[PDB]
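J.: I need the structure of the sequence given here:
(chains A, B and C)
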Amino acid sequence: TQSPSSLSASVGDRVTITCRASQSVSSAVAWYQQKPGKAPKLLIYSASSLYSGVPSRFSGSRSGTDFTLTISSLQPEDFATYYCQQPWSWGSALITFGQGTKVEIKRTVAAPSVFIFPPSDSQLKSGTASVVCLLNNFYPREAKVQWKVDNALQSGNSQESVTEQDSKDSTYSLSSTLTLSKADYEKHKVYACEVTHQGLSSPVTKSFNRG
Amino acid sequence: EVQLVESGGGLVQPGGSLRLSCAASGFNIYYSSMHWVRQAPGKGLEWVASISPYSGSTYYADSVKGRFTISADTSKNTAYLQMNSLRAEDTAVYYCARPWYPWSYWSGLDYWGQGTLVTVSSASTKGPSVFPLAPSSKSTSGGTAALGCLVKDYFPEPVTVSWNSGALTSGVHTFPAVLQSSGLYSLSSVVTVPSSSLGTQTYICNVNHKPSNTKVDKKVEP
Amino acid sequence: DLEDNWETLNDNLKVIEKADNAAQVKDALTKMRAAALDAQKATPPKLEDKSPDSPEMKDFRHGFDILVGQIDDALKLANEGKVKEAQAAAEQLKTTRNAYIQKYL
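T.: Numbering: from 1, shown residues only, chains lettered A, B, ... in the order given. Sure, the structure comes next:
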C-alpha cells in the first residue's frame, strides 16, 4: 500500500529516524534494515538492544510516544531501507511495521544526458509504436519529461522507470516510453522529448521527424 | 545455526490457490512462533499471519483473514501459508520469520527466510519481443552515443539483459520493468558508447526470459 | 467484574515468578486463563455506552484474544514440562498488560 520515504545523506552524517506510536511506546519495538533483493535484518531489538554483529554506530532509543533509530556516522554500506516494528496496542494486529525509510547518497547536482529513439521498423510491423526517451546519469532524482507530438503536449500515454542510484557515481537514469498505435504514429511528424531538471538552466528538448 | 528456506511461490490466477513452504533447520519448529511477512513490489513490510505450533495459537492480519491459513507439520519441520481466493494485491515477496523465543515476537523477528515471489495475474507465461533502440545518426561527432533494446510484452518477471555476452558492462542501464495495462511487462536496457565505435564495433543485447525459455539476441546498429 | 479479573491476573503472574514447584505455575496460569476469558466478556468505563458491535468493543475483545493466547502458550509449555519456558513466557503478559492500561485507563 505505502512506499518508503526517502532521505538524502552523506557518509559520516548523523541520521535519526523517528517512528510514531499511538501511545507511550514501551520497550517492545524493533528496527530492521533491508537492501534490495534481500530479506530485512534485525538491527535493534527491545527498543534499544543491539543485535549481534550490528556495529555500535547503530542505536535505538525511546521517548514518550516516539522511538528512534540513530546511526551516529553513516557508512557507505548503511545506505539501505529501514523499518520499525510498531509497539502492540490493545486490539491491534499482532505485529505491525512502520512505513519504511530509504537512505540515499547525497551527491552534487548532475544534469542528464538526453537521447530519443524512434520506434523500430520491426515494431511498426506489429501495429504499435514505442518512442523511447533516455535521461542518463543525473542527480537529484527529480526530473520531468514532457512528451510533445507535433507540438501537442501529451499526457496519459506514457510510462516511466528509474534505476536505483548507480553504485559508482550515485546518479539516476530514467526511461520514458510514449506508446502510440501504428496508425496514430503515422498521422504525425515531429516527436519531441522535453526534459527539465534542477541541473538544466532551461529545458532540453530532443526530437526527430518521422522519415 | 537457524535456517529458513522457502518454496511454493510462483504464478497463480486471481481466485486461485497457492501454498507456500517455510522449511526450518537448526531448531524444532514445534517450539517456536513462525510468522509470514509479505512485501508488494516497491512497498513495505506487512505482517500477515503467525502460528505457535506447540499450542496451536494462530493469528492473522485483517487483509488476509478468512482467505489465508497458516499451519505447521512438525515431522517435516516446516510451516505453511495456504492462500485461497487470491487477488492481484496479494502479489508480493513472502517471507517467513521467527523470534528468539517462541514468545518474543514483540521484541523482534531474528531469523528470516530468503523470500519467494508470488505473482497473481490472469496472464499466461509469454516470452518478450525485443526491438532495437538505434543510435541517433546526429550525435556528437566525437562524443557519446546511446543505444539500447526495448524488451516488450512478457510475463512474468524477470528478464535478464546483457550486452555483447558480458563483454559490455560499463555504461549499461537496464531499467525496472513497468506493468503495462495489458498485464504484460516491458522494460528497456540502454548503454552509452563512444560515437566513434558506432561504424566499427558491434553491439548485441542478449535478452533471456527463463520463465518462458525464450532467449533473444538482437543486434543494434544505425 | 473487570477490575477483579485484573487483580487475579496480576497476582497470579507474581505467583509464577516466585514459584517453587511446577504445580504452582500451572495452577496460576489456569486461574489467569479464566480471569482473562472472564474479562473479555466485560465492558470497561471508557466504552460504557458503546455498541457491543462497535470498533471499540471489537478491539476490546480482540486484545483479550492475545492475552488468552499468550496464557495458553505458557500453559502448554508448563503442561509439557517446559516449566522454565512457561515462566519466561508469562513475563510477556506484562507487555500485553501495559497495552491495556495505556489504552483504557
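
J.: Check whether the helix or strand hosting residue C:72 comes near chain B.
T.: Element membership of residue C:72 [criterion: DSSP states H and E] is helix C:55-79. Yes - Helix C:55-79 reaches chain B (C-beta under 8 Å from any C-beta of the partner chain) through C:66, C:69, C:70, C:72, C:73, C:74, C:75, C:76, C:77. Where C-beta positions appear, they are placed from N, C-alpha and C, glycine not excepted.

J.: Which of the residues you listed has the largest number of neighbours?
T.: residue C:74 (29 neighbours; other C-beta atoms under 10 Å in any protein chain shown).

J.: That one contacts residue C:91, correct?
T.: No - using C-beta atoms under 8 Å, residue C:74 makes no contact with residue C:91, being 9.4 Å away.

J.: Could you pull out the residues contacting both of these two?
T.: Residues touching both residue C:74 and residue C:91 (C-beta atoms under 8 Å, 6 or more residues apart in numbering or on different chains): none.

J.: now the helices: where do they sit in the chain?
T.: Defaulting to chain A. Along chain A, counting by DSSP state H, helices occupy A:121-124, A:182-186.

J.: Turn these into a markdown table, including distance to residue A:170 and mean neighbour count.
T.: Formatted as a markdown table, the helices of chain A follow (distance: least, C-beta to C-beta, whole Å; neighbours: other C-beta atoms under 10 Å in any protein chain shown):
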| stretch | distance to residue A:170 | mean neighbour count |
| --- | --- | --- |
| helix A:121-124 | 34 | 15 |
| helix A:182-186 | 37 | 14 |
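
J.: Reformat the ones you listed as JSON lines; add distance to residue A:57.
T.: As requested, the helices of chain A are arranged in JSON lines below (distance: least, C-beta to C-beta, whole Å):
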{"stretch": "helix A:121-124", "distance to residue A:57": "51"}
{"stretch": "helix A:182-186", "distance to residue A:57": "55"}
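
J.: Output the ones you listed as a markdown table; include the columns distance to chain B.
T.: A markdown table is the format used below for the helices of chain A (distance: least, C-beta to the nearest C-beta, whole Å):
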| stretch | distance to chain B |
| --- | --- |
| helix A:121-124 | 5 |
| helix A:182-186 | 13 |
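
J.: can you tell which of those is closest to chain C?
T.: helix A:182-186 (51.1 Å; C-beta to the nearest C-beta).

J.: Let's see the closest one as CSV, backbone CA atoms only.
T.: C-alpha atoms of helix A:182-186 as CSV (Å, rounded to 0.1, in the frame of the first residue of the first chain):
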residue,chain,number,x,y,z
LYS,A,182,0.9,2.5,-35.6
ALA,A,183,-2.0,4.3,-37.3
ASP,A,184,-1.6,7.2,-34.8
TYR,A,185,2.1,7.3,-35.2
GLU,A,186,1.9,7.8,-38.9
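
J.: can you list contacts of that helix?
T.: With C-beta under 8 Å, 6+ apart, helix A:182-186 has contacts from A:119, A:124, A:126, A:127, A:128, A:129, A:210.

J.: ok, now with 6 Å
T.: Contacts with helix A:182-186, where a contact means C-beta atoms under 6 Å, 6 or more residues apart in numbering or on different chains, come from A:124, A:127, A:129.

J.: Same question for stretch B:187-201.
T.: Here stretch B:187-201 makes contact (C-beta under 6 Å, 6+ apart) with A:132, A:134, A:175, B:135, B:139-140, B:142-146, B:148-151, B:161, B:163, B:171-175, B:177.

J.: same thing with stretch B:122-129?
T.: Residues from elsewhere that reach stretch B:122-129, judged by C-beta under 6 Å, 6+ apart: B:13, B:151, B:152, B:153, B:154, B:155, B:159, B:183, B:209, B:211, B:212, B:214.

J.: For the one residue in chain A that gets nearest to chain C, grab phi and psi.
T.: Ranked by C-beta to the nearest C-beta, the top residue of chain A for proximity to chain C is residue A:91, at 2.8 Å. When read as degrees, to the nearest 10, the backbone of residue A:91 gives phi 90, psi -10.

J.: pretty sure it is touching residue C:59, no?
T.: Yes - here residue A:91 reaches residue C:59: they are 2.8 Å apart, a contact under C-beta atoms under 6 Å.

J.: what about these two, which has more around it?
T.: Between residue A:91 and residue C:59, counting by other C-beta under 10 Å, residue A:91 is the more crowded of the two (20 against 16).

J.: so who does that one touch?
T.: Contacts of residue A:91 were listed using C-beta under 6 Å, 6+ apart, and they are C:59, C:62, C:63.

J.: Return the distance of the second one relative to chain B.
T.: Distance, residue C:62 to chain B, using C-beta to the nearest C-beta, to the nearest Å: 10 Å.
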